[PDB]
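Residue numbers start from 1 in every chain, and the chains themselves are labelled A, B, ... in the order their sequence lines are given, proteins ahead of strands.
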Protein chains: 2
Amino acid sequence: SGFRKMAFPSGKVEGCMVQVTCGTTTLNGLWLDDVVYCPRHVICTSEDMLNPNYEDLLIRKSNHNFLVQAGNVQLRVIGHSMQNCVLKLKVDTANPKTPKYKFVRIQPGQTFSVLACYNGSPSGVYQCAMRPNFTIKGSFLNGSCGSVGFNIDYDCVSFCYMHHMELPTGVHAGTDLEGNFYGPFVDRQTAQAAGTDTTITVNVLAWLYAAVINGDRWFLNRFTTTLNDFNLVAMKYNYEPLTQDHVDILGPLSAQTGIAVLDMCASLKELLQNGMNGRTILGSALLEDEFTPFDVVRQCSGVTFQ
Amino acid sequence: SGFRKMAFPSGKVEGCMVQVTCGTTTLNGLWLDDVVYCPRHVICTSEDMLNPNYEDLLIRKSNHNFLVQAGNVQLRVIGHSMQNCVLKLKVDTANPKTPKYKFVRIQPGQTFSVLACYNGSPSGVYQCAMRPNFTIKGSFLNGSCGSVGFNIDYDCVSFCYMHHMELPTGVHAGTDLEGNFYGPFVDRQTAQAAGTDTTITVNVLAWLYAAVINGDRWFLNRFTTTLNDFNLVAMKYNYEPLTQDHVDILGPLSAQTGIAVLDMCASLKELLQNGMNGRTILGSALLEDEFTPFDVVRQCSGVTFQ
């Protein structure tokens, strides 16, 4: 028992991190087969950042302008192309550590692990959620661009995030691995700002089931609620609407705990309305929304990978 | 910016995990050079667990009783020995993925990453602290024994924990990698129970500095306190005493933020006495004590490893 924010093992992704240098800008790239993926703003100059035309900037580049280093071993760039906001540097060497992988564009509310890197070297690993406003509440400093977010499914790394920029509230914006930003953001160093964020209701409910599985039950009650009446309360508290599909996703957890989804909704309703009264759930004094139903099942049943 | 519970990259340790089977018991081992380290209770039978004599049980074993598997590749045991509560199985093959490593026995309050494993395969990675009562608040299920906790220092993995057992409160007990339990616990399946736990004060203060570095300042005040007067309040709240050595450890963070250690103590004092009044710090509604001063500096300056 116990319940932690658990990241995926990072070894498969560590073997892919490289350093990409263009001009005075250094950041991280993802080396898979004979391609290195990195943010296209690597080709920006410290004065191009206000409104760059990346097509111009890129056509002005030569392969030898890109310094790619994998450890100490330097990688020859033999070609380059732009795909949306990611740069794809073809190198003359296939990464022998390339895992089975996919690129996936995730939905808001989905979670992933971030391998934070500087100069192509990992600093640490942590779990994140794509917020409903399409930011992530990461831990990123200058030089972390090109760090990636990912999930693992048995043997396959699904890359879903590459880091590009930090917004004025200290939250983070980035793209999928095909270079499409999550949310309305653009790789221009002008004012943008996240939209209003909301709490991921289906994830809060999953975490309440995690709590029950682990022996916290103090927040349960005999009440129930209709989904309609639950969403009236959730809306009032900037929680995301709960859908019938969410209810269905919560089925396995509901069956394992014997607590109907809609009954757990009535517990969450009372928690929203009365607070927690000095009590904690799974070591938190807030309602946690960065565990999906899937995250709860993995951690509480011991699913492994390789 | 941002601040997360960040684990060390786990790749160096993943390359060391194996599966050890003895009888009907399967658990994880740590394969370093030509030795596999695992909990000695692997040799226990489901009826020996109440008060086993491990010297007897072990002398009754043969090398071929130990089934060690590294992936699909099976490892021949060519020898075995007991060191305190760990079993050391000599195998005929040196792990080619062996990292630079050390074994370290940590002090309470120190943090480490746990690579949770089942059947020799990693399930996930998370950050932990050795509690003052020498338990860890882990996330461990049956089969996770032999999972290890570790820190990384540039290129060197310092292993500090191996998992053995779960206590009735859902917290976890284990040994260093030389088999010495942390705390008073023994590998006997009889009632034991953790002692009363306390909050790691020096770590709370480090996390308050993390908050300042990241732009949370609402909890600061113009007050100061003496170390004596601070510990009078801390004692009242089952916080650990703050030592002058703790104050000294907090020096770099104090210098970076311009907030004298003893002034941050006065902020913590008011937080203990008034609570947080619906406010959060670094996304928590509780005072967090599982970041060391060192953890804060690493994460807020971008220290990497390899």
* Donor-acceptor side-chain pairing of B:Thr304 and A:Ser123 below 3.5 angstrom -> no

* Asked: What pairs with B:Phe294 under ring-ring contact (aromatic ring centres under 6.0 Å, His included), at least two apart in sequence or on another chain?
  -> none

* **B:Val35 side chain near B:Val91 side chain, heavy-atom distance below 4.5 Å** => no

* Asked: Does the ring of A:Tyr54 carry A:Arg40 above it, NZ/CZ under 6.0 angstrom from centre and within 45° of its axis?
  -> yes

* To do: Can you establish whether the number of heavy atoms outside B:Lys137 located under 6.0 Å from its atom NZ is more than 12?
  => yes

* Structure fact -> Heavy-atom closest pair (A:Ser121 atom, A:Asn28 atom, distance to 0.1 Å) is N-OD1, 4.2 Å

* Are side-chain N/O atoms of A:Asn180 and A:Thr175 paired as donor and acceptor at under 3.5 Å? -> no

* To do: Check whether the ring centres of B:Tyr37 and B:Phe159 lie less than 6.0 Å apart, and answer yes or no.
  => no

* Taking C-beta and beyond as the side chain, do A:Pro39 and A:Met165 meet within less than 4.5 Å on heavy atoms? -> no

* Asked: By ring-ring contact (aromatic ring centres under 6.0 Å, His included), which residues pair with B:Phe3, not counting sequence neighbours?
  -> B:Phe291

* Asked: Which residues satisfy the ring-ring contact (aromatic ring centres under 6.0 Å, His included) test with B:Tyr118, sequence neighbours excluded?
  -> none

* Structure fact -> In short, ring pair (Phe, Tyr, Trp, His ring centres under 6.0 Å) pairs touching residues 127-149 of chain A with sequence neighbours left out are A:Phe140-A:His163, A:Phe140-A:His172

* Asked: Of all residues at least two apart in sequence or in a different chain, which pass the ring-ring contact (aromatic ring centres under 6.0 Å, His included) check with A:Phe150?
  -> none

* Are A:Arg105 and A:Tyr182 in a cation-pi contact, defined as NZ or CZ under 6.0 Å from the six-membered ring centre and within 45° of the axis? -> yes

* Could you tell me which residues satisfy salt bridge (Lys or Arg N to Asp or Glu O under 4.0 Å) with A:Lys90, sequence neighbours excluded, listed by chain and number? => A:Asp34

* Asked: Is any side-chain heavy atom of B:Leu253 less than 4.5 Å from a side-chain heavy atom of B:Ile213?
  -> yes

* Structure fact -> B:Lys100 meets the side-chain hydrogen bond (donor to acceptor under 3.5 Å, both in side chains) criterion, sequence neighbours left out, with B:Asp155

* Asked: Under the salt bridge (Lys or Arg N to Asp or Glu O under 4.0 Å) test, which residues partner A:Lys5, sequence neighbours left out?
  -> A:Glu288, A:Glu290

* Asked: Under the salt bridge (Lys or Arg N to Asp or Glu O under 4.0 Å) test, which residues partner B:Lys102, sequence neighbours left out?
  -> none

* Asked: Just wondering, do B:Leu282 and B:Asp216 contact through their side chains at under 4.5 Å, heavy atoms?
  -> yes

* **Qualifying residues under side-chain hydrogen bond (donor to acceptor under 3.5 Å, both in side chains), relative to A:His41, sequence neighbours excluded** => none

* **Note, B:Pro122 side chain near A:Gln306 side chain (heavy atom, < 4.5 Å)** => yes

Please set out all donor-acceptor pairs under 3.5 angstrom arising from side-chain atoms of residues 63-76 of chain A, sequence neighbours excluded.
{"residue": "A:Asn63", "atom": "OD1", "partner": "A:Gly79", "partner atom": "N", "Å": "3.4"}
{"residue": "A:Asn63", "atom": "OD1", "partner": "A:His80", "partner atom": "ND1", "Å": "2.7"}
{"residue": "A:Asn65", "atom": "OD1", "partner": "A:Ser62", "partner atom": "N", "Å": "2.6"}

* Asked: Does the side chain of A:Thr201 reach to within under 4.5 Å of the side chain of A:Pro241, using non-hydrogen atoms?
  -> no

* Check whether any side-chain heavy atom of A:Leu58 lies under 4.5 Å from a side-chain heavy atom of A:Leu87, and answer yes or no. => yes

* Under the side-chain hydrogen bond (donor to acceptor under 3.5 Å, both in side chains) rule, what pairs show up with a residue in residues 141-151 of chain A, not counting sequence neighbours? -> none

